[PDB]
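Structure 1 and structure 2 below are the same protein chain in two forms, each given by itself as C-alpha cells.
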Structure 1
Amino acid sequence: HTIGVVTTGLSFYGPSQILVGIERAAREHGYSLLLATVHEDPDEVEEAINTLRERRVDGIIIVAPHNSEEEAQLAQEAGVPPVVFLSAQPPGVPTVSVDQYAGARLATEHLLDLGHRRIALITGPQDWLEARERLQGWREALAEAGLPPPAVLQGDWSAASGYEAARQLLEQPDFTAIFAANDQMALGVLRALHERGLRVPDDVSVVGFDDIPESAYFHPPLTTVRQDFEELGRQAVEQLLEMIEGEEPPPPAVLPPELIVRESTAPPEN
C-alpha cells in the first residue's frame, strides 16, 4: 500500500533528485509515499522508523546518510522489517549506491587519455565517504599511469570553496588540468581560472562531478560525471519490492556512473 521515506532537507545535490525517482517508481507500482524528513542524527533515524511503522507502511527507504557502521549501531540489527539503505555498508545489508570510485576513475582517465600528467584535485569534504572514494579513484588512476599525485586541496562542496582552492593552487601553477570533486566547486574553479586570464580548456582543462542541471550551462559547458539519482531512487523501490512480496536479500546494487563529455577539456598545451 504505502512506502515510507526518511531523508534530509539539505541543499546538497542528490536527495531531492533521488526522491523524484522514488515518487515515480512507487506511483507506477501503485504505492504512495510517506515522507518523514529528519536531521543527521542516529537517534532521529531510529525513531523516524518507529513513527513511520505507526502508519501502515509496507516498506521504508533510507535516503539520509548513515556510515560504514550501520549494523554496529543497533540500526540494521534492530531493523528487520523491509529497509533499504542508500548508503555504502553491505556486510549483508541490501543497499543501492553510485560507484564513486569508478566515477573518479572515469574523470581522471579522461584527462590522462588526453595527455595530462599534472591533474590537480579539488577534493570534497573529509567526512563524506563519497569525497574520500573520489580521491582514491583519482590517486589510483594516476598511479596506474605511473604518476605521483599532484596537488590536492580540499573544499566543502560549495562554489566558494572551489574558487578559494583554485586561487591557492594558482600560487604554484604546476597543473594543466583540475578535477573538481563536484560541479559546484568546478564552477568556482572556472571563475578563479578566468580571473587569472587562463582559457578553459586551451590553458587548463576542468572536469566536475554530479552533472547537475546547471553544468551544461557553465562557461564553458562542463565535462562531468553523471550521478543518475533518479535511477538510484527507482532501483531503491525496485529492490524494496522484492523484500515486500518476499524474496532473498539481493546483492548490493551498484550503479555505474557515466562521463558526460562537453567543452571543458582538451589536450594540454605545448
Structure 2
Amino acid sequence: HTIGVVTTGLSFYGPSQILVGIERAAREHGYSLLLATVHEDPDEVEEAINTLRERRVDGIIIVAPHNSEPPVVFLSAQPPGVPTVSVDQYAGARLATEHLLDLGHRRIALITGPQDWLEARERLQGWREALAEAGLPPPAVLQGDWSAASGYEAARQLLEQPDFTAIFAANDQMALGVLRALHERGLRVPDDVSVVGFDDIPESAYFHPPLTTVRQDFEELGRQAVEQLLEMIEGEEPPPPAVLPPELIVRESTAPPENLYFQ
C-alpha cells in the first residue's frame, strides 16, 4: 500500500538521499511513498503523523529531526522505547577531525548546522573532544543552515582572521560554499587549506576538488527503515534501535598543512 515519510524541506540533500533509499526499498515491496514536509515547528512533526494516519497509511518513517516527547520508525536517535535507525553522528565527526589531526593540522575550524538540530551538538562534541585528546585549544566554530550560502558566509568570516589550516563542514552543501570562498580568495585546496564535509551526497565526488567527507549510508538507512517498518506492519515486535557506522571517504580535498618533504 503506502508508507508515509515525514521529512524536512527537499533543499537538504542528505535527507533527500534518504528519500531515495526509502523509495527503492518500498517500491521493492509494493509500497508507495506519501510525502509530508515540516519546517522547524516541533508540533508539525506530530501533526504530520496525524494526517498520515488519517490517510490510512500502513507505516510512518520520520526522517526529520524531532525529539520524541500505524507503526512508526524514526531515523534519528530517540528513547529506547521508540524504534530508530540512525547514523552515529558523534563518530562521524570524530573520524573527520581525527583524520585532519593525523595529517598534522592543529587549527581545524568547525562549521556546524543549526544548533537546534538534536545531533548538531553530537557533531560539535565529536570535534571538540577529538581536539581534547590531542591537547589542543578549540579553534573557531561558526553556524550554517545546511546551505552552501552559509558555508560560503561562514568561510569568509573565518577568513577575516585566517588562523586555520582546515575546515570541517557539517554537510557537503556547506562544504561546497567553503570551497567557493577559498578559491575566490586564491587559497588552494588542499595545499593551503583542507576541507572535510558530511554526508556523501553523490555530487561531492565531483566538487572542485573532489571532497573528503563522512559518508552516511542513506541508501542502507532507508533500506533498514523500510525493513523494520514492514515487519511491524505484518505483526512483529519492534527490532532494536539500530545505529549505522559512518565511513570517512578520503578524496582530494585533504592533505598535510604544509609539504611534508619540500616544506
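When a residue number appears, read it as a position in the sequence of structure 1, where counting begins at 1. Here the rigid core means the biggest group of C-alpha atoms that line up within 1.5 Å when the two forms are laid on top of each other.
Once both forms are fitted on their core, a CA shift of 2 Å or more is seen for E44 between structures 1 and 2. In the core-superposed comparison between structures 1 and 2, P201 has its Cα shifted by less than 2 Å.
Once both forms are fitted on their rigid core, the CA atom of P213 lies less than 2 Å apart between structures 1 and 2. Lined up on the core, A180 has its CA atom moved by 0.4 Å between structures 1 and 2. For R27, the Cα deviation between structures 1 and 2 after core superposition amounts to 5.7 Å. The rigid core superposition between structures 1 and 2 gives a CA shift for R55 of 8.1 Å.
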